[PDB]
Amino acid sequence: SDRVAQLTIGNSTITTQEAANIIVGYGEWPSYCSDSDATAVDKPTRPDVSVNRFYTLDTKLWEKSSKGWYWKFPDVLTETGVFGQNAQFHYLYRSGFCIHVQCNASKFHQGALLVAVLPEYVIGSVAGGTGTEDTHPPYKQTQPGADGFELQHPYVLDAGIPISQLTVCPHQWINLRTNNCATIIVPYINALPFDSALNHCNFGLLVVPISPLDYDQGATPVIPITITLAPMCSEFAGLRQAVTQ
Amino acid sequence: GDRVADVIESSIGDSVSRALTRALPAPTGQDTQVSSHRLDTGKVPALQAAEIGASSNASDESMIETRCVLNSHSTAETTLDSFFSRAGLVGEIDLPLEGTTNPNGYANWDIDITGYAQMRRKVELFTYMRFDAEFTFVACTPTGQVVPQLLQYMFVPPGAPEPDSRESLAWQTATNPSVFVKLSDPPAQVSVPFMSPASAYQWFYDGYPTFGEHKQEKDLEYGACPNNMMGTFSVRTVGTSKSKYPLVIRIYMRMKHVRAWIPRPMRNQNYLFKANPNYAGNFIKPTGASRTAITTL
Amino acid sequence: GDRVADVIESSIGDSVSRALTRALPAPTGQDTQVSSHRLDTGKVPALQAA
Amino acid sequence: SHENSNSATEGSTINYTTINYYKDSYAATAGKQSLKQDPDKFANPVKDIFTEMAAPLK
Amino acid sequence: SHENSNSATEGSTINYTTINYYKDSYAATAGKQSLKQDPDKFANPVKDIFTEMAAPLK
Amino acid sequence: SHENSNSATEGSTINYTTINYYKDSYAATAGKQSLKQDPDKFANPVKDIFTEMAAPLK
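Chains as they are written, first to last, in the entry's author numbering: chain B, 300 to 544; chain A, 1 to 297; chain A', 1 to 50; chain D, 800 to 857; chain D', 800 to 857; chain D'', 800 to 857. A prime marks a further copy of an entry chain.
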């Protein structure tokens, strides 16, 4: 009975009492991050629990002709909030996460969603769509902002990625039999210890409806899905002034 | 002194990557045997369902029974990680006496696994890797015979300037040792350790390996890093005795000291450049051929 | 000798017509009395719905 | 045999010695290794653990 | 000599060690083996065995 | 191994043996050596040493 959460900030909040349980990861111990291998030797700090709390970032709708969506991690909150300014003026970042997506369906509604968190994913961009003519994709698809971006082809994930072979990542189902909300757990993984928040892209989410949305005419056409995230025990290194360069 | 206890909430005991969950080791384990049908409780682990592992409140097998199977197979030496190499064509190059593709008399090729995607894509199924490599250069005639000529091999370490003439300074390569080989000696066989600047080779990586603001000018460095690479190899003929026969080389590749991570699934499409996510969208075809019906062929 | 135990699953103890259920006798029984309205637990068999 | 090595790769369960035809030392046979597998977390991410006697679900 | 083998062929009566010029181990001399023969069942398929003193046939 | 050497270079902390393909003896691997550094005199040429408790300067 450890599927509880105490959350209250701003003016509203969301907590659960009899939700769809949780998913455990790696069966492991708590720890901080490696400190005695950086370029410099200065002592680290610990920002603690100053600002880490949940604000929803988008309530994505699900419709009859949903084609797929995703996000860029951690580009979602790198530009907004005191966390945004801290990430902008600070070079090194690391923290854990507890992803909680709210996904409810009514008695009338039937269907399921294909929500897959894909780490380390080199993003499959539009790249001109065809890509045979050298017209480079503009910046309006590299830094979309809080809106995310629309993925082109589901069963190849814009990169040749056949759908049935996505099973490697933590796989989740959205069904009124299964869950009133889904939980995703991911720690901090990178092939290199230290990097900037503007050059390197870690990964992003992915959502493609595994089942088409259907309902007899007379019901709600779209289904909103809410997402929020708050990193737990966040620590930032490369402490410096408010200087981008 | 010791008055306030605000910070004591910490959880010292650092073991692995950041998280908050906790577990505990156990000294020994558990076992299970097999039996037949019986209505009893307490101890009944005989059968195992991978997810449920029990019987629902609606009976699954109330009508018939099951059977048993015995094992006689061994799995000790079935691992493939390093031994998965088998036969397959690899590739070749040529150094003719008179030609247009080689107006200089020497050939300098950039060393990489990006040689020929046909078989590299089999190894390219992963992203983060640590391995040993081997390069074999076998020399012969373009016709397919053997001729007693005078040849030798010079290595180009990374960071050295790329030769632009038959008499460049790159031939001295002071910090590069020398290998005593000749056409009479067995063909080239050189080991290559893991000198990646990072923990693994970067192919599926979205970033900017050059400092400064990112613009349309600085986009070609995807895959072809001018300096981050492990160098090239230059081949020519040294000495006053110039060869009177054109020559050809075949390049053989082999990998040792396997250590991999990050499983990445199979690709059913084609690229157009190195690590280019672009695909033939107008002619997408599934990974397998289907039929008008599944019942009959 | 006695090596395999495939057949030992049997349930010797033949009593009556073929079935698979099992029960057991008891030496004595139980009784019950009557009372009035009260809000209590533990022992309250006073009334019986079939 | 007055000679040591300059390698820091660990993960050996039995002590063993090596001899090389080159001047280095680790180029010989790497030795015999066992096989280990632990897929528990892959398919069973359950935090609430009951006792052996009790059923897992209510 | 920190090295084992990956062979499962049995039937040896004396312990022995092997050394190979290749990286494998069993390519050297297989060792000395004895000779065994037992043709009893081939020519004498008799189930009814009498005692040593008594004659075999009535 | 009834053979000695004709070398007088010292500075070894562990005893070790050598074998050579030539008739000489010291042409094989020289052995493993540690690293030592002592830059005290380079930057701290002070003759007047105070006790640990007292400050160095008046």
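Don't be surprised by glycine CBs; every beta carbon is placed ideally from N, CA and C.
Reduced DSSP category for residue i - H, G, I as helix; E, B as strand; rest coil
i	result
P453/B	helix
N227/A	coil
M119/A	helix
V190/A	strand
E51/A	coil
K857/D''	coil
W370/B	coil
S424/B	coil
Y825/D'	coil
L834/D''	coil
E9/A	helix
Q401/B	strand
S463/B	helix
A275/A	coil
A536/B	strand
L39/A	coil
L306/B	coil
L169/A	helix
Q440/B	helix
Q145/A	coil
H470/B	strand
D2/A	coil
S311/B	strand
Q409/B	strand
Interface partners of residue i on chain A', CB under 7 Å
i	result
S36/A	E9
Residue range of the beta strand (DSSP E) that includes residue i
i	result
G503/B	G503 to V507
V248/A	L247 to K256
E134/A	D132 to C140
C480/B	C480 to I483
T355/B	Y354 to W361
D94/A	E92 to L95
Chain B contact residues for residue i, given Cβ-Cβ distances below 7 Å
i	result
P844/D	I322, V323 and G324
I262/A	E419
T287/A	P461
Residues that DSSP places opposite residue i in a beta bridge
i	result
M531/B	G395/B
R236/A	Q152/A
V414/B	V506/B
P263/A	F126/A
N108/A	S234/A
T525/B	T358/B and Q401/B
residue 545/B	Since the first residue of chain B shown is 300 and the last is 544, residue 545/B is not available in this structure.
Partners in chain A for residue i, counting only beta-carbon separations shorter than 7 Å
i	result
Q464/B	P265 and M266
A490/B	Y128, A198, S199 and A200
Residue i - containing alpha helix (DSSP H), residue span
i	result
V381/B	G380 to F388
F283/A	Here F283/A belongs to no alpha helix (DSSP H), and DSSP marks it neither H nor E.
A842/D	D839 to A842
Interface residues of chain B facing residue i [CB-CB closer than 8 Å]
i	result
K857/D	Within chain B, no residue comes near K857/D; the closest Cβ sits about 11 Å away, beyond 8 Å.
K840/D	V323, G324, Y325 and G326
Proximal chain D residues relative to residue i, where beta-carbon distance stays under 9 Å
i	result
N819/D'	None at all; the shortest Cβ gap to chain D is about 10 Å.
Where residue i meets chain D'', residues with beta-carbon distance less than 7 Å
i	result
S800/D	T816
Contacts of residue i in chain D (Cβ-Cβ under 7 Å)
i	result
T32/A	Residues of chain D passing the Cβ test: none, with the nearest at roughly 12 Å.
Residue i: contacting residues in chain D (beta-carbon distance under 8 Å)
i	result
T850/D''	Those do not exist, as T850/D'' stays about 42 Å from chain D at its closest Cβ, beyond 8 Å.
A50/A	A842
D301/B	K846 and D847
Closer than 9 Å at the beta carbon, the chain D' residues around residue i
i	result
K835/D	Going along chain D', no residue has its Cβ under 9 Å from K835/D, so there is no contact; the nearest lies around 17 Å.
Contact set between residue i and chain D'', taken where Cβ atoms lie within less than 8 Å
i	result
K822/D	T828
Partners in chain B for residue i, counting only beta-carbon separations shorter than 9 Å
i	result
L20/A	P329, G395, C397, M531 and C532
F204/A	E419, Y420 and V421
Using 8 Å as the Cβ pair cut-off and three pairs as the minimum, do the segment 496-515 of chain B and the segment 24-38 of chain A' touch? no
Can we say the segment 246-255 of chain A touches the segment 81-96 of chain A, given the rule of at least three CB pairs closer than 8 Å? yes
Take every Cβ of the segment 310-330 of chain B, pair it with every Cβ of the segment 356-376 of chain B, and state whether three or more of those distances are shorter than 8 Å. no
Are there three or more Cβ pairs, one per stretch, closer than 8 Å when the segment 422-434 of chain B is compared with the segment 5-22 of chain A? no
Would you check if the segment 220-230 of chain A and the segment 103-117 of chain A touch, i.e. whether three or more CB-CB distances between them fall below 8 Å? yes
Do three or more CB pairs link the segment 390-403 of chain B to the segment 433-440 of chain B at distances below 8 Å? no
When the Cβ atoms of the segment 470-484 of chain B are set against those of the segment 344-360 of chain B, are three or more pairs found closer than 8 Å? no
Is the segment 802-811 of chain D touching the segment 823-831 of chain D in the sense that three or more CB pairs, one from each, lie closer than 8 Å? yes
Given 8 Å as the limit, is there contact between the segment 130-137 of chain A and the segment 179-196 of chain A, that is, 3 or more CB pairs closer than that? yes
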